[PDB]
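As a plain string of letters, each chain reads:
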4 protein chains.
Amino acid sequence: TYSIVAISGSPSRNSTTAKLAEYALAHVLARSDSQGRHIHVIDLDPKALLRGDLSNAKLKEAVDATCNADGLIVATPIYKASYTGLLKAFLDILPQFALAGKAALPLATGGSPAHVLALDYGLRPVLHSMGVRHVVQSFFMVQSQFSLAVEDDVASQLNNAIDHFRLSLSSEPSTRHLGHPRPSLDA
Amino acid sequence: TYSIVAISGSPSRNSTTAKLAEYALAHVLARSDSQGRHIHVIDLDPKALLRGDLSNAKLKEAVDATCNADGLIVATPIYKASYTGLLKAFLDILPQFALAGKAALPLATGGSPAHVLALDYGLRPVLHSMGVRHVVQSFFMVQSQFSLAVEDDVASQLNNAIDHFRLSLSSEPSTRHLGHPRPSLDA
Amino acid sequence: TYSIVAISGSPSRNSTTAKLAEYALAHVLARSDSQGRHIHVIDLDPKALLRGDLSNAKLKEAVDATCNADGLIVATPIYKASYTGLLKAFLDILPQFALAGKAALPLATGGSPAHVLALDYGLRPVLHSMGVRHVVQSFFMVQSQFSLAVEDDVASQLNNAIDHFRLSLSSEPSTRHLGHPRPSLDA
Amino acid sequence: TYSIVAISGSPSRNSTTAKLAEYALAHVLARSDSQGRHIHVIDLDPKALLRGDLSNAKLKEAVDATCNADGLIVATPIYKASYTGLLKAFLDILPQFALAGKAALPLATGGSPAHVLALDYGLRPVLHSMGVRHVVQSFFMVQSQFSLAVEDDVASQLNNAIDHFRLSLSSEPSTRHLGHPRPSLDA
Ligand SMILES: Cc1cc2nc3c(=O)[nH]c(=O)nc-3n(C[C@H](O)[C@H](O)[C@H](O)COP(=O)(O)O)c2cc1C
Ligand SMILES: Cc1cc2nc3c(=O)[nH]c(=O)nc-3n(C[C@H](O)[C@H](O)[C@H](O)COP(=O)(O)O)c2cc1C
Ligand SMILES: Cc1cc2nc3c(=O)[nH]c(=O)nc-3n(C[C@H](O)[C@H](O)[C@H](O)COP(=O)(O)O)c2cc1C
Ligand SMILES: Cc1cc2nc3c(=O)[nH]c(=O)nc-3n(C[C@H](O)[C@H](O)[C@H](O)COP(=O)(O)O)c2cc1C
Ligand SMILES: Cc1cc2nc3c(=O)[nH]c(=O)nc-3n(C[C@H](O)[C@H](O)[C@H](O)COP(=O)(O)O)c2cc1C
Ligand SMILES: Cc1cc2nc3c(=O)[nH]c(=O)nc-3n(C[C@H](O)[C@H](O)[C@H](O)COP(=O)(O)O)c2cc1C
Ligand SMILES: Cc1cc2nc3c(=O)[nH]c(=O)nc-3n(C[C@H](O)[C@H](O)[C@H](O)COP(=O)(O)O)c2cc1C
Ligand SMILES: Cc1cc2nc3c(=O)[nH]c(=O)nc-3n(C[C@H](O)[C@H](O)[C@H](O)COP(=O)(O)O)c2cc1C
């Protein structure tokens, strides 16, 4: 059984990004032998999050869940041509090579199609510094497009991205450290 | 009189990044007709910061100060090959073209020299989405180097960067909107 | 008198990018005391360019012209979510801190609005490694938009970008080395 | 049998980058059922390369070989904080989603450790615009380090990167289009 964790980083209530992540999570679970959690970073304790205070039980649980995941869905709205500070604050408290062995699917929504590359240029290098095993294609959606109530061509791309994410999940213990630069120094 | 604002984003106490920003701020003030403030993002109210709650007076004051600055010193440690979530959380609550008319100096410290480009590839595009007028060269310092108790060649580069920052400050009202894509839609 | 040099990097004949650069060059020259050249990288000798062979007179002249410019207009179509290899091949043969003291205006055309950030994330850091003094806002145009036969809002942004470029040009000998990390090691 | 293609992009003779790519290619071939080619972009016809002239037989063969590869080793020296124009010129003539279904290993050498992130921030997004299936961790080496005559810790990282590359190769026809946004529009 794969353990899939979704992490969404909008600081606003009624997040369309969160709906996108939830959609992706349900899609993967309907087609694989998986369990899931959805970490809404906005629902973590702000003081504990910014201070990396792992005596906060809910924050510690979120971190542990991410560390135990076989795949991560990482979703953010685009703020100022990049990922949210809220999402990055969460990534900052994971251990150094937290993503070793893991697959990942980067998702975003934005107000403008001008900022599609924020995922590939901004978020992707961050995940690769955490030793991630396999980050599949990014998917970005413009605000308006969404309502699976979305345009056909857009829906095909999203579904293909989520399919690829699911196909890239690994059971095998041999892959657990892949992505780490020095796999015998743990992972 | 120029108004200079420094913003430092380490979430850790006893921040060397903060010492770097303070050094840069003092350097500029000793050589120009300027006033300064140093916003330590860690000292802002975490809940209010993450929620963009401007009824918090100290947060509102920080935002206003940034909006009134002629120059910004933006300093962060490198976390996960990029700027901190803490710093980005602060940038996220500034208005859309908050940096129109302004000069900026990007500063960072990091544990490894491998991540020098995090400023130019990560932070610089963020400032440019906020309509910044003039971002001078980045300066990055490796942890060890610091203690102006720092290596000669390193010190020359830092000082040149801060000099350039100071020389790039503008008094003229005509430059107030430069950097904004549509300067008559305010700034 | 300012010396302005435009560099356009499409490898295709009938380049709309070239027309954009020529437009920007004429705009600056009509409003400042300036001379101009337009280097079409496609018109340089391919063997000499790829080998950095400065015994080719036309290639050497192009390099010298760039080194003597007060401002550079650097224009490229977007290929594979970045600047062209053709343009980069030219930038690769300039000396290490070739752009010290200079202003620069990054321009691009692309088939899709999805790749606007290729300038800020891809080209801007390259110019900053060459010690550039002042790179103003990027301007990107989608293929269709062009024909000053272009949409009003788009035209305003382009013109504002070119205005800012012109305003940022410096006469003063004191600015000649600004941008260089060690200005007394020449520039 | 996997078909592995190495592409090295230094424009200088006696390229250490080429030696790195050749080393990686031999490493993969010694541990998997594979054939290999090494495309030295410098050895392609400069005029034909810059013009994308596929009536040049050697250029056409290189492009076809890349399109038929199950894995690509893409190696470049760092020039001006990014990949070479020479390498990018070659990538520019591949079809739009040329890398669909493929694994890739990004390699670089550079004079300074300051530019490690040029791979993750610069090259990685380019490959992802070509629909690549799986790009494993980057490896960067500083000039001095090289002579497998290299430092132990450095050698471990390189070998782990190449191991991961080899493990990520896919035989299965089902993976042939993975990475493409619309896999039924070919690949
Ligand atoms: C403070 C702020 C900054 C934003 N910056 C951008 C931006 O740089 N680019 C963009 O395409 N949209 C930007 N947006 C629009 C959001 O990305 C868009 O509304 C997104 O879908 C919000 O998703 P959410 O409901 O999950 O919060 C911004 C929105 C806010 C509130
Ligand atoms: C490339 C790199 C990545 C690092 N990543 C992490 C990390 O993810 N988590 C972490 O706690 N420390 C990380 N560190 C280092 C230590 O956290 C940090 O250097 C140490 O706590 C010393 O801090 P100080 O000497 O400035 O007080 C990293 C260091 C380097 C060089
Ligand atoms: C959670 C964490 C992640 C880090 N990631 C990096 C990194 O990706 N690259 C790096 O050179 N240093 C990394 N470091 C090291 C810090 O950048 C370095 O210690 C910095 O000087 C801390 O500055 P400060 O005292 O202001 O907090 C990390 C440190 C921590 C605690
Ligand atoms: C490129 C871009 C940048 C933006 N930047 C900001 C911003 O800095 N601050 C902001 O409040 N809104 C920004 N917005 C947009 C609005 O904040 C946001 O679209 C609006 O609140 C609608 O959100 P919703 O429709 O998803 O609820 C930006 C939009 C775009 C397209
Ligand atoms: C080989 C090739 C690759 C291209 N890649 C992109 C791309 O990644 N993104 C984009 O928006 N347009 C891409 N385009 C479209 C061009 O950017 C667009 O047509 C541009 O305006 C051409 O400008 P030019 O006439 O000066 O050559 C590509 C075109 C070609 C021929
Ligand atoms: C950050 C950095 C930038 C450099 N930029 C240039 C450059 O622009 N032009 C140049 O000729 N050499 C540049 N060099 C270095 C030399 O060109 C190069 O190291 C030297 O020719 C030695 O090559 P080899 O030892 O691999 O043969 C740079 C080195 C570093 C570390
Ligand atoms: C024109 C030129 C520009 C260079 N720019 C950089 C640079 O920005 N950063 C860096 O670490 N090294 C730079 N170097 C150094 C090369 O990356 C280094 O020498 C590399 O190992 C050369 O590899 P090669 O033998 O395959 O050609 C540059 C070298 C040259 C000749
Ligand atoms: C994102 C994107 C990527 C593209 N990539 C390629 C490509 O790799 N190769 C290519 O030949 N054309 C690519 N194109 C488009 C066509 O090559 C190009 O638009 C067409 O030849 C029209 O050029 P023109 O209308 O400026 O003359 C791309 C377009 C877009 C929007």
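(A) Main features of the environment of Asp70(B). Residue and element names in this part refer to chain B. Its place among the elements puts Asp70 in the loop between α3 (57-68) and β3 (71-77). Using a relative accessible area of 13% as the deciding quantity, one classes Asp70 as buried. Remark: the alpha-carbon pair of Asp70 and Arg133, spanning 63 residues in sequence, is separated by 10.0 Å. Once you skip the residues sitting within four places of it in the chain, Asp70 turns out to touch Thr1, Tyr2, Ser3, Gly101, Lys102, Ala103, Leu169, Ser170 and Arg176. A distance of 2.7 Å separates the side chain of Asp70 from the backbone nitrogen of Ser3, its partner in a polar contact.

(B) Up close: the interface of chain D and chain C. Contacts between the two partners involve 25 residues from chain D and, on the opposite side, 25 residues from chain C. Of the roughly 1,900 Å² buried between chain D and chain C on both sides combined, carbon and sulfur atoms contribute 61%. Seen at the junction of chain D and chain C, the total is 0 salt bridges. There are 14 residue pairs in polar contact connecting chain D and chain C. Secondary-structure elements contributing two or more residues to the side of chain D that touches chain C are α2 (46-51), α4 (85-92) and α5 (118-129) of chain D. Residue contributions to the side of chain D that touches chain C peak at 6 residues, all from α4(D). A class-by-class count of the residues in the side of chain D that touches chain C yields 14 nonpolar, 5 polar and 6 charged.

(C) Spatial organisation of the interface of chain B and chain A. Tallying the contact residues gives 25 residues for chain B and 25 residues for chain A. Summed over both sides, the interface of chain B with chain A buries roughly 1,900 Å², with 61% coming from carbon and sulfur. Broken down residue by residue, the surface that chain B buries against chain A is led by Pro46(B), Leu50(B) and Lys80(B), which jointly contribute 36%. For the interface between chain B and chain A, the tally reads 0 salt bridges. Remark: the boundary between chain B and chain A carries 14 residue pairs in polar contact. Mapped by element, the contributors of at least two residues to the side of chain B that touches chain A are α2 (46-51), α4 (85-92) and α5 (118-129) of chain B. Across the side of chain B that touches chain A, the residue classes tally to 14 nonpolar, 5 polar and 6 charged.

Each value, and the rule that gives it
Residues numbered from 1 in each chain as written, not as in the entry; some residues may be left out. Chains lettered and ligands numbered in written order. Heavy atoms only, no water. Helix = DSSP H or I, 4+ residues; strand = E, 2+ residues; numbered from the N terminus. Buried < 20%, exposed > 50% of the residue type's maximum accessible area, 1.4 Å probe, protein only. Contact = heavy atoms within 4.5 Å. Polar contact = N/O pair within 3.5 Å; in protein donor to acceptor, adjacent residues only side chain to side chain. Buried area = accessible area lost by both parts, 1.4 Å probe. Salt bridge = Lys/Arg side-chain N within 4 Å of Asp/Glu carboxyl O. Nonpolar A, V, L, I, M, F, W, Y, C, P; charged D, E, K, R; others polar.

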